[PDB]
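What follows is a short report on a single structure.
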Amino acid sequence: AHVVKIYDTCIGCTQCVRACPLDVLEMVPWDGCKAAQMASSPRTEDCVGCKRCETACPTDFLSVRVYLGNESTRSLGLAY
Amino acid sequence: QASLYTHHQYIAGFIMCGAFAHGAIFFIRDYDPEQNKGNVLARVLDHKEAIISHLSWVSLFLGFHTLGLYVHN
Amino acid sequence: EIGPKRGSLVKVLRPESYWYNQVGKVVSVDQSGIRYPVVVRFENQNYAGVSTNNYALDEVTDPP
Amino acid sequence: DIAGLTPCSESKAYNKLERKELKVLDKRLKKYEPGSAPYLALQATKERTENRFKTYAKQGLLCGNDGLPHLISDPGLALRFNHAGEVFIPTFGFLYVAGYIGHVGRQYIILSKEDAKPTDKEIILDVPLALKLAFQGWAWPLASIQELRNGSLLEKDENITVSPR
Amino acid sequence: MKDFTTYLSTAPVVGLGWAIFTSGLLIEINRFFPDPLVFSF
Amino acid sequence: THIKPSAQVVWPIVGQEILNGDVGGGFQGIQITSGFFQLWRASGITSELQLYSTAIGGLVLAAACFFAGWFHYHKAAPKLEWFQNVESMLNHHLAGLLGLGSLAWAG
Amino acid sequence: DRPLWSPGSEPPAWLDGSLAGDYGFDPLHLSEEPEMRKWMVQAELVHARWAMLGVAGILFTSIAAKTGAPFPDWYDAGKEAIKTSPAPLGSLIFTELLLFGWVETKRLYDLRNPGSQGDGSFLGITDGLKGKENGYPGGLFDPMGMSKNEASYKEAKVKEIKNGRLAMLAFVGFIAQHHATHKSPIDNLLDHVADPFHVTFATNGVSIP
Amino acid sequence: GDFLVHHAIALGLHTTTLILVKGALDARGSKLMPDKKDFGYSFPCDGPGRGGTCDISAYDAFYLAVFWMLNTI
Amino acid sequence: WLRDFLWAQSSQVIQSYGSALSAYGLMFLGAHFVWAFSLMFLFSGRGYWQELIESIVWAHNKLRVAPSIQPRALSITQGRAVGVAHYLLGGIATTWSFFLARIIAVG
Amino acid sequence: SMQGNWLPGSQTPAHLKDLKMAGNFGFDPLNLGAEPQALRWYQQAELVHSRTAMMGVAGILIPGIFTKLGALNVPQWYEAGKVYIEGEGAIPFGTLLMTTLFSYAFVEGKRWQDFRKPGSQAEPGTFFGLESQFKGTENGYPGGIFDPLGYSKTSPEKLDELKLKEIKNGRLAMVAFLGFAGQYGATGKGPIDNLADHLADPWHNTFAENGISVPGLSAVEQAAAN
Ligand code: CLA
Ligand code: CLA
Ligand code: CLA
Ligand code: CLA
Ligand SMILES: CC(/C=C/C=C(C)/C=C/[C@@]12O[C@]1(C)C[C@@H](O)CC2(C)C)=C\C=C\C=C(C)\C=C\C=C(C)\C=C\[C@@]12O[C@]1(C)C[C@@H](O)CC2(C)C
Ligand SMILES: CC1=C(/C=C/C(C)=C/C=C/C(C)=C/C=C/C=C(C)/C=C/C=C(C)/C=C/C2=C(C)CCCC2(C)C)C(C)(C)CCC1
Ligand SMILES: CC1=C(C/C=C(\C)CCC[C@H](C)CCC[C@H](C)CCCC(C)C)C(=O)c2ccccc2C1=O
Ligand code: SF4
Ligand code: SF4
């Protein structure tokens, strides 16, 4: 499916996982930020590429990046 | 003669559009800034905003006054 | 202690940031040793609408 | 007599266009009594047309093969021949006002950016200061030249947002 | 008057006052003087 | 049947004197298209004095409507239950507005 | 506390009664800012003084014409005056414009900066050409000088502003009933006192259809 | 009239050059999107975030420039 | 339909110059302009225009005429609204000018 | 220092309050002299414009006065150029213009290099040995052979009084030459004839009665006469 990557600029506001209506992102413990949290994407193959996490990302530039390509039956949002 | 001129002019326009598109493809795909540092290409990319802004200025000025005189007449 | 003074104007040299070659005001510098401890506030919003961003020590300098 | 263009005073097509306009204007005169307001308006229109055709002639104006006056754009050719009044002086006439507008806008921009929360001054204008700059912009080229010379006109790229290519 | 003149210094001072002034100005040059083409003073 | 209707007169400022077309009747102006002359012939209207009176009455009613909006918002604003009286609104805008206007126009 | 323009009304806060003729009549909230208050006071006084001057001149000319002197109507007086005037039109209005520009810029910069013209810059006049109050100058403008006493000065201020407002109303009446009757104001006054029960603003034909 | 339509031709050439040049120079980076080089030459958009990024690629710059080329020819 | 309605008619709109209906021809061509100008807002998006605005902001930054309010491109919904409004205005005024000039110069 | 005021009660600019200048009246509403080197260049420009205005206006007036007195047949200034062009023993217009431009370019380059670097024209052995006196005393006041009668090497009081007098007569001459150009443009006659018309008939001979100066005034007068 698509490729979702999270960079070290994330500060653990844990709102990118709320804006994603597909449970692609998850919050793991970290040590590189004050909140001690980092976005991770275990269920990346379930992503469609709606870029709602990029909308919800407050960092400049975006800590979570979604790259389109290699569409599938789950990445195309198909119920048929 | 009319058909020949129109054909080769439209062909030329499409080919120039393809030239600029493939130049853009060069810039994004296989352009290495550390390979040619400080050369004409990197310097052109450095002040790209000036080139784009001046092209926008001359296009806006030409269109403004050409449409103004056409509507005036 | 390890960063710029709080409330002092700094210049951001981060290329991918919206505020590249811009001036921002430091609001807090973290002392716990994180990746981007310097927190600055800008008077102009970005396209996302936010006004604050975090940068490393090497991405901030005193403007002339 | 440049670019193969005859003067407007000695042009047959110019007079043909003038008499055609007079004829079509006098066509509408026959449908109104001479002591009527539409008749007075048509007479004023005819007088304005005659005055325009008289003033366009003997004014250093040329026309060629169409009866419509032509404008000479190259300076120098507009200097040795009496054609500067077409575009030469009105170029500076427009440029003076354009620099006036740009200079008063720049003055307002600097004098607003040095004020707390300066984003409201663009939607909430101030009239005394804008009018003060409006009546101080007559010497815009001198101020622009001195600002370019002292370096306050331009700004160091170091302080300019630059695309990261 | 303070509250009213704060409103009157918003959009209509630049969108209406300038527009009406510059317009009616140009109307009166085009009215009192006829249509010119050559700047012969 | 021979004079074209006209109700807009342009100024002689710049070249607009050609827009004041010969609509007949010793008059020049824009040939209108809204059909207002037909409406003012249907309702009995003879002179321009009656049109002047209608214009002044319309201006007075417009000022009254603007004052009504100002009053009914800033001064005496109705509550939510006043707007929710749907049956009263329907009765008053069926018998009152439409019916009374139809009767007044019939008279 | 003072007689108001409407009995039982509430006077404006910015109209506390310190001004001459302060009846508290201000429904449009004008002259609320102190700078705009001073500008409105100056405008009222200058419009007042010009109104009393013009109305007095109109009344004098109309009375002289009624006696039998060859005086014109208050309307089109200048139209027949320029035919016998040594000064042609154009030169007269521009001479007036230059003189009034000098005087009115002087009084305007005295309004913005009080006492600014009393620096001796113009012909070395210090005490004269220096303002005494908001719109009330002194020195050369007060030759007899009965404004020294404060009570008399305040009474004269109230008298001046009241007669001036009456002069505004007089000029408006002059133009209105000249358009109504096409006659002199003294002619209208004599017609009103001759036949009060019939000759009025209603039986003049126009203005009452 | 020949000179006026020549200026219209110059306007069309200038505007097509402006858009193609801007698409070529901003093909790899922009202030709205610094990482355009990682998304390929022909990608749709980046989403509704950051105000809206429709037609942000250099491919869409070429696509809009073909209209101006057609108008110019 | 084309030849016998839009070409058999509209010969008076183009030949309205020098007459009372020349303003209808002016309205016709201005409506053509506004209808054609709308397709810029309709085919295009926001990212290209935002980047062009960024270049213009750099140009105004070079000589310090940067506005305090940051210039931004129109929103995608805003751009669609502008495009549809200019398209409708151009088409409506085109048909208005053509219909009125044809029906006045003939009927 | 601060001598007089162009407008009493006006807010004088901050760069004119304590500035030692000749003829300083606070007249800078546009604040073009806020920068010091800007003010120096404008002072030099005003000085050269004023001095050539003295020369020009004297050429307007003294031959005109002597023509009115009948001493010489020297014509008015607006046709004097055509008179000399159409003369017999006349240098051609191109030669005269090029000689004037060459000589003025030379002397103005001298003055320019004095302005940018003060006293730089006193470089030894550069102008036939006479350049030792080419050192500039002040901006626009060179001295040397430019004061051969020794009227400037005295106490500063009469010196800056004379500077004030020079700038006053120079501003007057500049407005006077603008007037000469305007009153040839409108009336079409010499300034002495215009002064004679204004003295003999002041009301009927003015800028307002002439329709070129204020267009539309003649129509107003004609409508008021009818
Ligand atoms: C025929 C229709 C039409 C017209 C007139 C324009 C006009 C313009 N487009 Mg284009 N465009 C069109 C169709 C059109 N477009 C289509 C179909 C597409 C494909 C999507 C594009 C794609 C496109 C791109 C991709 C770009 C342009 C750009 C431009 C500008 C070029 C600058 C110029 O020539 O000077 C100005 C030209 C004018 C015609 C001026 C129009 C304004 C006049 C003076 C009226 C102004 C208002 C008037 C005073 C009335 C006020 C009241 C009113 C507002 C209610 C100009 C605004 C470029 C741009 O904006 O960058 C500079 C650019 O990058 N356009
Ligand atoms: C000889 C010159 C030349 C060469 C070698 C190439 C080669 C290439 N270009 Mg380039 N290009 C050219 C001319 C050229 N192009 C011209 C003239 C244009 C302007 C129109 C472009 C515009 C262009 C763009 C914008 C892009 C390329 C891309 C590409 C690559 C793949 C394109 C491809 O084959 O897809 C095969 C495509 C098709 C089979 C689709 C055919 C449909 C055509 C184009 C539409 C014709 C309309 C209509 C249907 C025709 C029939 C009419 C009907 C009535 C019968 C390849 C590197 C792409 C690339 O590098 O990928 C990132 C890319 O993004 N080029
Ligand atoms: C007075 C302010 C001001 C100034 C000094 C400039 C200066 C500049 N602009 Mg900018 N511009 C402005 C306002 C201003 N602009 C506004 C308000 C807009 C939005 C419509 C733009 C849109 C714009 C574009 C899209 C482009 C420029 C470009 C340019 C450059 C070319 C010069 C020119 O005439 O462009 C033409 C400018 C216009 C067509 C804009 C006219 C709008 C009016 C005249 C401005 C009104 C401002 C107001 C009067 C100031 C308030 C006065 C104060 C007393 C209250 C130059 C750097 C071009 C560039 O990058 O070249 C390097 C370019 O492509 N400008
Ligand atoms: C018989 C009584 C009566 C009449 C005649 C009207 C008439 C009207 N009402 Mg209705 N209304 C009524 C009772 C009435 N109302 C009652 C009882 C309620 C509460 C349940 C409402 C609640 C109501 C709402 C919530 C709204 C209306 C609105 C309207 C207007 C609809 C616009 C229209 O059709 O254009 C016709 C336009 C005209 C005929 C122009 C002349 C308008 C005149 C001045 C109105 C005079 C009618 C009025 C009832 C007279 C008494 C008012 C008195 C206090 C002075 C119209 C004027 C709408 C509105 O705001 O417009 C005012 C609206 O949104 N009505
Ligand atoms: C009436 C008038 C002004 C009235 C204004 C009013 C009611 C305003 C009311 C309010 O503001 C208040 C108070 C408070 C606000 O909260 C509310 C409102 C409602 C806004 C001015 C007249 C002002 C009238 C004036 C100044 C008259 C001047 C006359 C002159 C100069 C005569 C000159 C002559 O030339 C003639 C005309 C003809 C020649 O024959 C003779 C000579 C002598 C030559
Ligand atoms: C001989 C002669 C002459 C001359 C001529 C000339 C000198 C010419 C020139 C010409 C020219 C000079 C031209 C040019 C053109 C150009 C073009 C057309 C371009 C294009 C471009 C492009 C398309 C680009 C691309 C790209 C990109 C985008 C990026 C990078 C890569 C590339 C580069 C690929 C004369 C006139 C004197 C006279 C007659 C004869
Ligand atoms: C052109 C364009 C823009 C750029 C347009 C912008 C930023 C709006 C510009 C509005 C102007 C500033 C309004 C005023 C116009 C003139 C200045 C008015 C002149 C009036 C005279 C009297 C001087 C978009 O932002 C956009 C967004 C989404 C889809 C398509 C498009 C699109 O096509
Ligand atoms: S939205 Fe972005 S910055 Fe915020 S927790 Fe997620 S990856 Fe980190
Ligand atoms: S693009 Fe959408 S589905 Fe995919 S990780 Fe982001 S918010 Fe979730």
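In the structure tokens, chains take letters A, B, ... by order of appearance, with residues numbered from 1 within each chain and ligands from 1 in the order shown.
The interface of chain E with chain F at 9 Å, considering only C-alpha atoms, consists of residues 27, 28, 30, 31, 34 and 35 of chain E.
Residues lying within 10 Å of region 144-146 of chain D, counting only C-alpha atoms and ignoring same-chain neighbours fewer than 3 positions away, are residues 99, 102, 103, 139, 140, 141, 149, 150, 151, 152 and 153 of chain D; 32, 35, 37 and 38 of chain J.
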May I have the residues of chain F within 12 Å of chain D, counting only C-alpha atoms, written as JSON, numbers by chain? {"F": [9, 10, 11, 12, 13, 14, 15, 16, 17, 18, 19, 20, 21, 22, 23, 24, 25, 26, 27, 28, 29]}
Go ahead and write the selection's residues with C-alpha atoms as a PDB file, in the first residue's frame.
ATOM      1  CA  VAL F   9     -30.976  58.102 -19.391  1.00  0.00           C
ATOM      2  CA  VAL F  10     -27.177  58.064 -19.576  1.00  0.00           C
ATOM      3  CA  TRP F  11     -24.896  61.080 -19.198  1.00  0.00           C
ATOM      4  CA  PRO F  12     -23.172  62.799 -22.159  1.00  0.00           C
ATOM      5  CA  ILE F  13     -19.808  62.420 -20.405  1.00  0.00           C
ATOM      6  CA  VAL F  14     -17.776  60.154 -22.718  1.00  0.00           C
ATOM      7  CA  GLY F  15     -19.227  58.724 -25.936  1.00  0.00           C
ATOM      8  CA  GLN F  16     -22.417  57.616 -24.172  1.00  0.00           C
ATOM      9  CA  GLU F  17     -24.569  59.998 -26.237  1.00  0.00           C
ATOM     10  CA  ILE F  18     -24.749  57.206 -28.823  1.00  0.00           C
ATOM     11  CA  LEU F  19     -26.378  55.020 -26.143  1.00  0.00           C
ATOM     12  CA  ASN F  20     -29.279  57.498 -25.874  1.00  0.00           C
ATOM     13  CA  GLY F  21     -31.093  55.934 -28.792  1.00  0.00           C
ATOM     14  CA  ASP F  22     -34.006  57.482 -30.655  1.00  0.00           C
ATOM     15  CA  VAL F  23     -36.820  55.604 -28.918  1.00  0.00           C
ATOM     16  CA  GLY F  24     -39.458  57.980 -30.311  1.00  0.00           C
ATOM     17  CA  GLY F  25     -41.742  60.568 -28.794  1.00  0.00           C
ATOM     18  CA  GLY F  26     -39.065  63.261 -28.821  1.00  0.00           C
ATOM     19  CA  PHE F  27     -37.047  61.314 -26.252  1.00  0.00           C
ATOM     20  CA  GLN F  28     -33.630  59.657 -26.219  1.00  0.00           C
ATOM     21  CA  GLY F  29     -32.390  57.039 -23.791  1.00  0.00           C
TER      22      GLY F  29
END
How would you write, as number ranges by chain, the set of residues in region 104-201 of chain G that DSSP gives as helix (DSSP H, G or I)? G: 104-112, 116-118, 139-141, 150-181, 185-194
Please give me, as a PyMOL selection string, the residues lying within 9 Å of ligand 3 when counting only C-alpha atoms and all ligand atoms. (chain B and resi 49-61+64) or (chain D and resi 98-109+122+125-127+129-134) or (chain E and resi 14) or (chain I and resi 52-53+55-67+71)
Would you list which chain D residues are within 9 Å of chain B using only C-alpha atoms, as a PyMOL selection string? chain D and resi 162-165
I want to know what sits within 6 Å of residue 38 (chain E), based on only C-alpha atoms, with residues of the same chain fewer than 2 positions away left out; could you give that as a PyMOL selection string? (chain D and resi 85-86) or (chain E and resi 40)
Excluding residue 51 (chain G) and its own-chain neighbours fewer than 4 positions away, which residues fall within 10 Å of it when counting only C-alpha atoms? Please give them as a PyMOL selection string. chain G and resi 45-47+55-57+163-172
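The space between atom 64 (O, counted along the ligand's line) of ligand 1 and CA of residue 63 (chain H) spans 11.9 Å.
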Distance-based interface of chain I with chain F, 10 Å, counting only C-alpha atoms, as a list in words: residues 17, 18, 19, 20, 21, 22, 23, 24, 100, 103 and 104 of chain I
May I have the residues from that selection written out with N, CA and C atoms, as a compact mmCIF listing (two decimals), in the first residue's frame?
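out.txt, written as the output of this step:
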# COMPACT_ATOMS: atom_id res chain seq x y z
N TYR I 17 -22.04 48.40 -33.33
CA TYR I 17 -21.12 49.49 -33.05
C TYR I 17 -21.48 50.73 -33.86
N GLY I 18 -21.36 51.89 -33.22
CA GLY I 18 -21.82 53.12 -33.82
C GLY I 18 -23.31 53.36 -33.71
N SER I 19 -24.03 52.50 -32.99
CA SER I 19 -25.48 52.62 -32.87
C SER I 19 -25.89 52.65 -31.40
N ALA I 20 -27.20 52.58 -31.15
CA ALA I 20 -27.71 52.64 -29.79
C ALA I 20 -27.46 51.36 -29.01
N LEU I 21 -27.19 50.25 -29.69
CA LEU I 21 -27.02 48.96 -29.04
C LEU I 21 -25.56 48.55 -28.94
N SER I 22 -24.63 49.49 -29.11
CA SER I 22 -23.21 49.17 -29.00
C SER I 22 -22.83 48.73 -27.60
N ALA I 23 -23.54 49.25 -26.58
CA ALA I 23 -23.31 48.80 -25.21
C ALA I 23 -23.66 47.33 -25.04
N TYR I 24 -24.60 46.82 -25.84
CA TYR I 24 -24.90 45.39 -25.80
C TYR I 24 -23.74 44.57 -26.35
N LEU I 100 -30.98 40.52 -25.86
CA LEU I 100 -31.52 41.88 -25.88
C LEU I 100 -31.17 42.60 -27.17
N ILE I 103 -33.30 41.06 -30.00
CA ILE I 103 -34.73 41.35 -29.91
C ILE I 103 -35.03 42.84 -30.02
N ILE I 104 -34.05 43.71 -29.81
CA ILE I 104 -34.29 45.14 -29.97
C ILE I 104 -33.97 45.58 -31.40
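Selection of all polymer residues within 6 Å of ligand 9 on the basis of only C-alpha atoms and all ligand atoms gives residues 19, 20, 22, 24, 25, 47, 48, 49, 50, 51, 52, 53 and 66 of chain A.
Excluding region 64-70 of chain J itself and any same-chain residue fewer than 6 positions from it, the protein and nucleic acid residues within 8 Å of it, counting only C-alpha atoms, are residues 76, 190 and 192 of chain J.
A distance cut-off of 6 Å from ligand 2, applied to only C-alpha atoms and all ligand atoms, picks out the residues residues 14, 15, 17, 18 and 21 of chain B; 41, 42 and 59 of chain H.
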Which residues of chain C sit at most 12 Å from chain I, using only C-alpha atoms? Give each one's shortest atom pair and distance in Å (one decimal place), in chain and ascending residue order, as CSV.
residue,atom,partner,partner_atom,distance
C:18,CA,I:54,CA,10.9
C:21,CA,I:61,CA,11.7
C:22,CA,I:61,CA,11.5
C:43,CA,I:68,CA,9.9
C:44,CA,I:70,CA,7.5
C:45,CA,I:70,CA,8.3
C:46,CA,I:70,CA,9.2
C:47,CA,I:72,CA,8.3
C:48,CA,I:72,CA,11.7
C:49,CA,I:70,CA,11.4
Please produce a file of the residues just selected, as a CSV table (one decimal), in the first residue's frame, where the atoms kept are N, CA, C and O atoms.
chain,number,residue,atom,x,y,z
C,18,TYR,N,9.1,26.8,7.4
C,18,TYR,CA,8.4,27.9,6.8
C,18,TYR,C,9.1,29.2,7.1
C,18,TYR,O,9.1,30.2,6.3
C,21,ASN,N,15.3,31.8,7.3
C,21,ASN,CA,15.8,33.2,7.3
C,21,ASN,C,14.8,34.2,7.9
C,21,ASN,O,14.6,35.3,7.3
C,22,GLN,N,14.1,33.8,8.9
C,22,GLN,CA,13.1,34.7,9.6
C,22,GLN,C,13.5,34.8,11.1
C,22,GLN,O,14.4,34.1,11.6
C,43,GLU,N,5.5,35.8,14.9
C,43,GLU,CA,4.4,36.6,14.8
C,43,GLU,C,3.5,36.3,13.5
C,43,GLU,O,2.3,36.7,13.5
C,44,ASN,N,4.0,35.7,12.5
C,44,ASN,CA,3.3,35.3,11.3
C,44,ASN,C,3.0,33.8,11.3
C,44,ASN,O,3.9,33.0,11.6
C,45,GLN,N,1.8,33.4,11.0
C,45,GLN,CA,1.4,32.0,11.0
C,45,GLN,C,1.9,31.4,9.7
C,45,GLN,O,2.3,32.0,8.8
C,46,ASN,N,2.0,30.0,9.8
C,46,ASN,CA,2.4,29.3,8.6
C,46,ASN,C,1.1,28.9,7.8
C,46,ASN,O,0.0,29.5,8.1
C,47,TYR,N,1.2,28.0,6.8
C,47,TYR,CA,0.0,27.6,6.0
C,47,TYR,C,-0.9,26.7,6.9
C,47,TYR,O,-2.1,26.7,6.6
C,48,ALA,N,-0.3,26.0,7.8
C,48,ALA,CA,-1.1,25.2,8.7
C,48,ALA,C,-1.8,26.0,9.7
C,48,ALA,O,-2.8,25.5,10.3
C,49,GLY,N,-1.4,27.2,10.0
C,49,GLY,CA,-2.0,28.1,10.9
C,49,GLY,C,-1.3,28.2,12.2
C,49,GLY,O,-1.7,29.1,13.1
Contacts of region 35-47 of chain F at 9 Å (only C-alpha atoms; same-chain gap of 3+ positions) as a PDB file with N, CA and C atoms, in the first residue's frame:
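File written: around-v8.pdb
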ATOM      1  N   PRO F   5     -40.275  51.744 -25.246  1.00  0.00           N
ATOM      2  CA  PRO F   5     -40.150  52.180 -23.853  1.00  0.00           C
ATOM      3  C   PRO F   5     -38.719  52.547 -23.498  1.00  0.00           C
ATOM      4  N   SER F   6     -38.586  53.532 -22.613  1.00  0.00           N
ATOM      5  CA  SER F   6     -37.278  53.990 -22.164  1.00  0.00           C
ATOM      6  C   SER F   6     -37.413  54.565 -20.765  1.00  0.00           C
ATOM      7  N   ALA F   7     -36.545  54.120 -19.853  1.00  0.00           N
ATOM      8  CA  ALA F   7     -36.579  54.608 -18.482  1.00  0.00           C
ATOM      9  C   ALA F   7     -35.203  54.851 -17.880  1.00  0.00           C
ATOM     10  N   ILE F  32     -35.611  50.272 -22.465  1.00  0.00           N
ATOM     11  CA  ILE F  32     -35.706  49.359 -21.331  1.00  0.00           C
ATOM     12  C   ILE F  32     -36.373  48.063 -21.760  1.00  0.00           C
ATOM     13  N   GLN F  50     -48.047  60.655 -10.440  1.00  0.00           N
ATOM     14  CA  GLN F  50     -48.430  59.450  -9.720  1.00  0.00           C
ATOM     15  C   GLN F  50     -47.238  58.518  -9.527  1.00  0.00           C
ATOM     16  N   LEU F  51     -46.349  58.446 -10.522  1.00  0.00           N
ATOM     17  CA  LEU F  51     -45.113  57.682 -10.369  1.00  0.00           C
ATOM     18  C   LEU F  51     -44.206  58.300  -9.309  1.00  0.00           C
TER      19      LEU F  51
END
Taking only C-alpha atoms and all ligand atoms into account, which residues have an atom no farther than 10 Å from ligand 4? I'd like them as a ChimeraX atom specification. /F:58,60-66,68-69,72,78,81-101
Restrict the selected residues to C-alpha atoms and save them as a CSV table (one decimal), in the first residue's frame.
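Ended up saving to part_25.csv:
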chain,number,residue,atom,x,y,z
F,58,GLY,CA,-41.8,53.3,-1.6
F,60,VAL,CA,-41.0,55.9,3.0
F,61,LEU,CA,-41.9,52.2,3.3
F,62,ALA,CA,-38.3,51.2,2.8
F,63,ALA,CA,-37.2,53.5,5.7
F,64,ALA,CA,-40.0,52.0,7.8
F,65,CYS,CA,-38.8,48.5,7.0
F,66,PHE,CA,-35.2,49.3,7.9
F,68,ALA,CA,-38.6,47.8,11.7
F,69,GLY,CA,-35.6,45.6,11.4
F,72,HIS,CA,-37.3,44.1,16.0
F,78,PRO,CA,-39.2,38.3,19.7
F,81,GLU,CA,-41.7,30.6,21.0
F,82,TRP,CA,-42.9,33.6,19.0
F,83,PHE,CA,-41.1,32.3,15.9
F,84,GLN,CA,-42.3,28.7,16.6
F,85,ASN,CA,-46.0,29.6,16.3
F,86,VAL,CA,-46.1,28.0,12.9
F,87,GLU,CA,-49.9,27.8,12.8
F,88,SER,CA,-50.3,31.5,13.5
F,89,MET,CA,-47.7,32.4,10.9
F,90,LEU,CA,-49.4,30.2,8.3
F,91,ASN,CA,-52.9,31.6,9.1
F,92,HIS,CA,-51.6,35.2,9.0
F,93,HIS,CA,-49.6,34.8,5.8
F,94,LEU,CA,-52.4,32.9,4.1
F,95,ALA,CA,-55.5,34.9,5.0
F,96,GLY,CA,-53.6,38.1,5.8
F,97,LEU,CA,-50.7,38.6,3.4
F,98,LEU,CA,-51.7,36.7,0.3
F,99,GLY,CA,-55.5,37.0,0.7
F,100,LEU,CA,-55.5,40.7,1.8
F,101,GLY,CA,-53.1,41.6,-0.9
What residues in chain H have any atom no more than 8 Å from chain B when counting only C-alpha atoms, and can you write them as a PyMOL selection string? chain H and resi 4+7-8+10-11+14-15+17-18+20-25+27-28+36-37+40-41+58-59+62+65-66+69-70+73
With distances taken over only C-alpha atoms and all ligand atoms, which residue among H:46, H:2, H:35, H:55 lies nearest ligand 7? H:55
Could the residues of chain J that have an atom at most 12 Å from chain E be listed as a Markdown table, each with its closest atom pair and the distance in Å to one decimal, counting only C-alpha atoms and ordered by chain and ascending residue number?
| residue | atom | partner | partner_atom | distance |
| --- | --- | --- | --- | --- |
| J:185 | CA | E:41 | CA | 10.5 |
| J:186 | CA | E:41 | CA | 11.7 |
| J:212 | CA | E:41 | CA | 10.1 |
| J:213 | CA | E:41 | CA | 11.8 |
| J:215 | CA | E:32 | CA | 9.3 |
| J:216 | CA | E:32 | CA | 8.1 |
| J:217 | CA | E:32 | CA | 11.7 |
| J:219 | CA | E:32 | CA | 11.1 |
Could you report the residues within 7 Å of ligand 7, using only C-alpha atoms and all ligand atoms, as a compact mmCIF listing (two decimals) with N, CA and C atoms, in the first residue's frame?
# COMPACT_ATOMS: atom_id res chain seq x y z
N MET I 40 -9.77 29.71 -15.34
CA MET I 40 -8.54 29.70 -14.55
C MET I 40 -8.81 29.19 -13.14
N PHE I 41 -9.87 29.68 -12.50
CA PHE I 41 -10.21 29.26 -11.16
C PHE I 41 -10.82 27.87 -11.11
N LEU I 42 -11.21 27.32 -12.25
CA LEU I 42 -11.90 26.04 -12.31
C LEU I 42 -10.97 24.88 -12.63
N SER I 44 -7.53 25.00 -12.43
CA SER I 44 -6.33 25.03 -11.61
C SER I 44 -6.64 24.61 -10.17
N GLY I 45 -5.58 24.53 -9.37
CA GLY I 45 -5.71 24.23 -7.96
C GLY I 45 -5.19 25.35 -7.09
N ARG I 46 -4.67 25.01 -5.91
CA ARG I 46 -4.19 26.01 -4.97
C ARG I 46 -2.68 26.00 -4.79
N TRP I 49 -0.76 28.21 -7.33
CA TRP I 49 -0.99 29.62 -7.04
C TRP I 49 -0.36 30.03 -5.73
N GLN I 50 -0.34 29.14 -4.74
CA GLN I 50 0.35 29.44 -3.49
C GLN I 50 1.85 29.61 -3.71
N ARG I 72 -2.06 34.95 0.84
CA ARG I 72 -2.34 33.53 0.67
C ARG I 72 -3.22 33.33 -0.55
N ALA I 73 -3.07 32.17 -1.18
CA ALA I 73 -3.94 31.83 -2.29
C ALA I 73 -5.36 31.56 -1.78
N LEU I 74 -6.32 31.67 -2.70
CA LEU I 74 -7.70 31.38 -2.36
C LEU I 74 -7.87 29.91 -2.01
N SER I 75 -8.79 29.64 -1.09
CA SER I 75 -9.06 28.27 -0.69
C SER I 75 -9.67 27.48 -1.84
N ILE I 76 -9.62 26.16 -1.71
CA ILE I 76 -10.12 25.28 -2.77
C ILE I 76 -11.63 25.47 -2.95
N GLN I 78 -13.07 28.22 -1.88
CA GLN I 78 -13.10 29.61 -2.33
C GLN I 78 -12.80 29.71 -3.83
N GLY I 79 -11.81 28.95 -4.31
CA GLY I 79 -11.50 28.97 -5.73
C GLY I 79 -12.63 28.41 -6.58
N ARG I 80 -13.27 27.34 -6.12
CA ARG I 80 -14.43 26.79 -6.83
C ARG I 80 -15.58 27.79 -6.85
